[PDB]
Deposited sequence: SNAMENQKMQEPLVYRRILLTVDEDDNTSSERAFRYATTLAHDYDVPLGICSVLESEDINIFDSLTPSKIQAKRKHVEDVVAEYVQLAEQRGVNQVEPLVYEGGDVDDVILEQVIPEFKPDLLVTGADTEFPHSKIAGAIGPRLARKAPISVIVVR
């Protein structure tokens, strides 16, 4: 038929994985974490775990510590899972979508963004689940995990 046989056979493995997390607990966030860390473990590829502090003082440092703690806990669990290279990616900005698209993706250079279907940030310019928005707008592959 019409497709190039050899090219269509080449394996595809994602080389640099970015997991985006919020502070909430739910089945989608658990499964997004497990997918990203299973992939990174099984194919021996780097994982970045990102969250974003939203622009609004012992209060601001407490909010910052909270985001840092959420990401640090996920990194610890990823290390326990056996992922060889995992790093925290805590970023700050006005609109989370732009922070991810304009700062995190270009700096960390992932080829896959993973996030749970429930992940959301209350002061994002567009309200609601960030995963499908990123699936539409990002220049890389995006999986929205449920």
Exercise. Got a list of the deposited-sequence ranges with no coordinates?
Worked result: 1, 58 to 66
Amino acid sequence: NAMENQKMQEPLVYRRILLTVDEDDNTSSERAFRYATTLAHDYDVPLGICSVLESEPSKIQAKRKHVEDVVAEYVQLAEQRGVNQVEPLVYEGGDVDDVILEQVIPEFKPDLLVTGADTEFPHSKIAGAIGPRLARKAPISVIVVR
From here on, numbers count along this sequence of modelled residues.
For this session: State which stretch shows the higher mean Cα B factor in the entry: 92 to 100 or 22 to 30.
Result: 92 to 100
For this session: Look up the CA B-factors in the entry and say which stretch, 46 to 54 or 33 to 41, has the higher mean.
Result: 46 to 54
Exercise. Lowest, middle or highest third: where is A62 by Cα B-factor in its chain?
Worked result: highest
Exercise. When the modelled residues of the chain are sorted by Cα temperature factor, does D118 land in the lowest, middle or highest third?
Worked result: middle
For this session: Give the position of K125 by CA B-factor within its chain, expressed as the lowest, middle or highest third.
Result: highest
